[PDB]
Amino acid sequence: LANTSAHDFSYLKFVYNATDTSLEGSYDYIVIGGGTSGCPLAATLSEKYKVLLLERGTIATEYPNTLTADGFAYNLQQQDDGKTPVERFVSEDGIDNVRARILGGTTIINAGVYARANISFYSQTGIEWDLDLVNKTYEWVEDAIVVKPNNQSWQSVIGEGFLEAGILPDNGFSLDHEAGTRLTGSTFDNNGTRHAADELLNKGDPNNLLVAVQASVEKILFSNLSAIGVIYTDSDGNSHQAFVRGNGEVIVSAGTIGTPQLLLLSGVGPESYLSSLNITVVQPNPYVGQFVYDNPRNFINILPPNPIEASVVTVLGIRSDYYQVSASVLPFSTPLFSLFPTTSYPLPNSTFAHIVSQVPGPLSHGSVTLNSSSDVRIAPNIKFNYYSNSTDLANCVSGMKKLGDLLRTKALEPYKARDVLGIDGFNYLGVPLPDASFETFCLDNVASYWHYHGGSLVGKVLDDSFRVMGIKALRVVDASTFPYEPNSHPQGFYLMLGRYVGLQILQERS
C-alpha cells in the first residue's frame, strides 16, 4: 500500500497546453480522456511506445480543493463555469449529477473509497482474463495511491451498527468486495491528501508520454476501416490534429458520458439515429449510447443532538442485494450539487450522518444521445430510467429495511434526540424512513450514487479485447464498457483496467 505523502505532480514536466501545435503529428497511441482508466493506460503504453494523452480539463493544481478530503464539498458547491473540475448535469429523469473535467478525471473529485472487483465478476463477464495479471495490476495501483485508513469515530460507529444489524461477517480491513462489514482502502491518505489517477502518469516513461490539457477531442478520424487520429480544439478554440502510425491505436477513455458522445459525433452508432441527424455513418452499431446505467442512491440524514466528527467513507456493509455506507458531514449553507437530487432540499444547520444504500446492477437502463451534432463541449442528453425495472425497486426496499435495522442498533442509539423506543427518536434532515410505503420512499427520494456506467458495452459495441467491432486501431477503456458494477465502489476496478488493457495491447503487439 501507499504511504502518507504529498500529491506527486512530477508528471507536469510532460504536460503541455493543447495550444502548442508542435504536439500535432504521429504517435503510436492516442488516449482520449486523462481519467480513471485513461491515465494508467497512457502510462503503461508509454513504457514501450510514443503516447499522446488528450484531456479536456486543466491540471488539478488550478483547483487546490481537489487535493484534500476537506476540499471534497467545495468542488460540488462551486458553480460550473465550463472550466471547473466538476461539470454539473441533470439526467432527463430530473436527477442532479456531476462528472469530472480535470487531468485525473473522476479520481480527482470523488469520495476516495477504494475496493477491488467482486472476484466472481471476471467469470460473470465471460472475458478470458489473465487473473494473475489483474491481481499484479491492482498491487501496482494500490502501492501508488491507496492507504489503510486510520480509525474514524463515525465510521467505527457505523461498522458496529452494520454488524449488529446482521451484515456479517466482520471482514476487518480488506480491499475485497465480499459479503459483510469491513474497513476498505482509501485514495485519501492518513493526512487527508488526495491521491489520484493523475499520479499514475509518474509511472510513464517521460521520454515517451506527452499530455495535452484543455484538449477537447471533437472527432475520431478514419482511413478496411481504421481509426487514424483525432481532431481536438484548444482553450482559444483553434483546431489541431494528431494521428497514430503503423500498428498503433486510438483508445477512447472519455467516460460513460464522453465515450458514447465522441463515438456518435464520429459516425459510430445507430444508423437510423445518425442518419436522422445527417451525421455520415462510418460504422453502424445499434448500441452506441445504449445500456447506460446509474445505480440508485437512497438515504436518510440523522442530526445527532451532540456534534459528530466529520469522516471520509471507509466502512462498508455489503450484501448481494445492497451496499451500504455512511458519511458524517459538516453543516453548509451552499448546497453540494447532486448530494441531494434537486436544488430544492433543506440545508443542514448542524453535523449530520448521511446513511446510504446502493442498488446493485442496476437492471434499469437508459441512453446517451447528442444535444448538438457538432460541438463536443455541449453535454449530451442522458437518461437512466431509475426503477423502471421492478427488481431494482425490490432491492431498494430490502436496503431501506436494513437501514431501518441499522437505526435500531445499540451502536446508533446514542445519536438519537429522544430516548424513545422507535427510530422517530432521531431528528432527520429531509424525508425519514417510513412494502408499498418503502416503494414510494425509494421512487420519490432517489439520488445518483455517481457510479454510472455503460454506453459502449463489451458484447454490444466492443469485443472481449475492448476493440470497437468493425474498426481496426480503435478501443474503448473506461466505465462505458460494463453493464453491471464490479463492486460497490468501482474506481479501483477502472484504475486497474486502464493498465491491464495497456498490457494486453503491448502483449498483442509483441
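Sequential numbering from 1, following the sequence displayed.
The entry models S223 and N224 with a gap of 4 to 9 deposited residues left without coordinates. Gap between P434 and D435: 4 to 9 deposited residues without coordinates. Annotation for 306 to 314 versus 322 to 330: the higher mean temperature factor (C-alpha) is found in 306 to 314. Across the two stretches, 121 to 129 and 83 to 91, the PDB entry reports the greater mean Cα temperature factor for 121 to 129. Per the deposited record, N349 carries the highest C-alpha B-factor of all listed residues (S253, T137, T184, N349). Among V356, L168, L339, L370, the highest C-alpha B-factor recorded in the PDB entry belongs to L168. Annotation for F441: C-alpha temperature factor in the highest third relative to the rest of the modelled chain, per the entry. Compared with the other modelled residues of the chain, the Cα B-factor recorded for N208 ranks in the middle third. Residue-level temperature factors show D28 in the lowest third of its chain, judged at the C-alpha atom. Per the PDB record, residue ranking by Cα B-factor puts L393 in the highest third of the chain.
For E271, the recorded CA B-factor ranks within the highest third of the chain. Only modelled residues enter the ranking.
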